[PDB]
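Below: one protein chain in two forms, given as structure tokens, structure 1 then structure 2.
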Structure 1
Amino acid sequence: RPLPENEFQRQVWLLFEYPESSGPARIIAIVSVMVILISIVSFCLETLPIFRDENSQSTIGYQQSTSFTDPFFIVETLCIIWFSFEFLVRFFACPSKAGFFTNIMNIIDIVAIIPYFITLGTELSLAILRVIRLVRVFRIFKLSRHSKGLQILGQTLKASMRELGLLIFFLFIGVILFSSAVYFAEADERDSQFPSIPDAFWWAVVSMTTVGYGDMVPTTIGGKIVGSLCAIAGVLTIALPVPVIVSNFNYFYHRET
């Protein structure tokens, strides 16, 4: 699986890939950062209740029409056009079409570009539109191309998959254990806040993480003892692999310097 070998990539790839190459490259990087931030702000702003009241045709969050009256649609279209231009230039300057599914920073652009085109295509089994609108948030991840800190975070997450899986596994074990314990310790009352073990999962996760919401809490003596143990075990279980993940992050962090 060799590279395309077009011999056409070099100039545009250097212009749009290395911000330090030239002054125009730095200008392009700054413009890209501002466009990403503008798209993020617009995405967060379309959800405000000021605009939701006057809105198949509603799950999209924007009105696609020839007139293009919605300012949010205008901003989203401009940002999507810029992202499309960037991706097309880089891909026509990207030799390794085979390694396209290996680089995360290009499938990130794919993810940031796909939702608009799916919504346009489907305008011309129902939760699909909501799922796409949710996936559209991953345009936040496109800032990783411009920030080395997010790249180090990505490398840390890649290197700490085993420790992250262990953290999730220990959380699952403790959540099941303490949810069962608190459900059975607070089962013989009508005022209990734990109708079921899956309903106690939420309380268990909230207590182990030591977040603490108060939406559901133990009321019995045994339930309170179980909650005490839940808090202690949550502290311990979280503290076990977090130092390993932190050491990975520090190694990848001071490696660049």
Structure 2
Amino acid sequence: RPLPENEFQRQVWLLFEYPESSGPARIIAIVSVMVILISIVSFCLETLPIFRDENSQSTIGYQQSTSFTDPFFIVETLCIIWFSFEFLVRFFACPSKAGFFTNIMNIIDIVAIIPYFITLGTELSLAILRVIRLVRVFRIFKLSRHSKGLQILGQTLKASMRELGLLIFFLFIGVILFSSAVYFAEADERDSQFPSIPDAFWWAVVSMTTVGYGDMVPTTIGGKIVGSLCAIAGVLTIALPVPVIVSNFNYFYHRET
């Protein structure tokens, strides 16, 4: 039960525990939010056809160079430097080092920083590279550190795991059912847009969610009846656990007041 005796990490953590307490903490929070937003904007803009063409050493999406002529690389490195500085500052100033991984927002940053170390280690299947370049985008969720609403969203999704699982399960059941029905209904037609049941999965999903795309549509009377049933059942299926998820969100949203 003895005190830590460091007298500096605890002081910094107490100072940065209430960002509204002092001006410098609010300035730092604003700088962090602006840097996150700048990183998001740069990430989105890097994929434009004007810049992407004029950028393994090619499948990784970036080429390391000392000169760093690409402005997008410079901005990415600057944002990575700021993120690393913030992570180290919070890691060296947390009084509860053993329970440092209790905050989810820290796990998000550690997950975002793992791929760089993994790449460095493995440098000395193929879907891993695609999924890792995909997982790069999730520095968006680092906005949950400053946004209270996104924290309420996270708590709602954590407390509504069973209901969301039921939603996914009901959608899956209905999708297979109606895809099978519409594939067999329009099976004896050469103009049919449903070559197979897995292909009809896409139509079943875009009809059950009532999105409606028109890329694949029924053409037979039986196919159209199955499509009508698919739309009705999709409404009836989505509407069941959404109220429970909404009640959870309302609870975690009004819990503050």
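Under this definition, the rigid core comprises the largest set of C-alpha atoms superposing within 1.5 Å between the forms. One-based numbering along structure 1's sequence throughout.
With the core held fixed, the Cα of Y62 is displaced between the two structures by 2 Å or more.
Annotation for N6: C-alpha shift of 2 angstroms or more between the two structures, rigid core superposed.
When the rigid core is held fixed, the Cα atom of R130 travels 2 angstroms or more between the two structures. Core superposition places the C-alpha of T119 5.6 Å apart between the two structures. On a core-based overlay, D188 has a Cα shift of 0.3 Å between the two structures.
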